[PDB]
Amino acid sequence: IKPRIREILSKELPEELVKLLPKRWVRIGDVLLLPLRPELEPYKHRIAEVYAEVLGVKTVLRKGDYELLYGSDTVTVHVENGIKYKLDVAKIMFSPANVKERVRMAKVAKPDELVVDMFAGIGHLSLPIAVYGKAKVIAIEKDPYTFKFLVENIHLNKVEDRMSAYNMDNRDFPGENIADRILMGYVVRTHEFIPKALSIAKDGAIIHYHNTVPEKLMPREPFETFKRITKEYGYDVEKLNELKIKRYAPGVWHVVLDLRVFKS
């Protein structure tokens, strides 16, 4: 099934098009991300329709952010490694192509830490910490829509007590020298937030610093740049680890560096 899909669609599609039907897909809650060959375009909707029924999802988006192929409701709750993540699959990014990192995050924190998530999303990286590590968490999310989900996801996981949330730009965050650990899960020229990061950090704090660097420049970057910017503040940093992740071309990785900073 396949089989079931092939039995239904073979009735409406010439055998040549049937052969090209989608063989994989991504499922997030009850929404389906479905990739489609160009020759199947004319039949977009009907194919998404049968896939929807045999796979048991309410909505199908094109994988290819996303084009609605069948259904209407893109909000769903996705469960991963014991975590509940409500989201609007069409408006908010969330790839299991990153699940390892979300798993990793479940381990790294100690119950005592204050953790600040500078780019919270719906709780991508911070929920694992609040739930498994048990530290406290201040989660910052700029987008008001995304924010609703983050707030909700906090209840859904029963951590409203130890996790708080602010709908502002991380640069306006009043805090200073509070953070034992900072999450910088963002990849658009994130070096630009290093200064607010260092401000929010305590001396010795750990920073999970995500960025997108060309492999032309590895393994020098993105650490050199993190290093030099830190110099502008007379602080130092030690590189504790550098994981590769969604190595997503053309030619550019997505890495996360674990770094400890010292406020002199």
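All residue numbers refer to positions in the sequence shown, first residue = 1.
In this entry, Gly64 is separated from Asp65 by 4 to 9 residues of the deposited sequence that have no coordinates. The mean C-alpha temperature factor is higher for 161-169 when 82-90 and 161-169 are set side by side. Note on 111-119 vs 67-75: mean CA B-factor is higher in 111-119. Per the deposited record, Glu238 carries the highest C-alpha B-factor of all listed residues (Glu49, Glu232, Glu238, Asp30). The residue among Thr146, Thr190, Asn98, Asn153 whose C-alpha carries the highest B-factor in the deposited model is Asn98. Ranked by Cα temperature factor within the chain, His124 sits in the lowest third according to the deposited record. Per the deposited record, the Cα B-factor of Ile5 falls in the lowest third when ranked against the other modelled residues of its chain. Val256 sits in the middle third of its chain by CA B factor, as recorded in the PDB entry. Ranked by Cα temperature factor within the chain, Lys58 sits in the lowest third according to the deposited record. Ranked by Cα temperature factor within the chain, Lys196 sits in the lowest third according to the deposited record.
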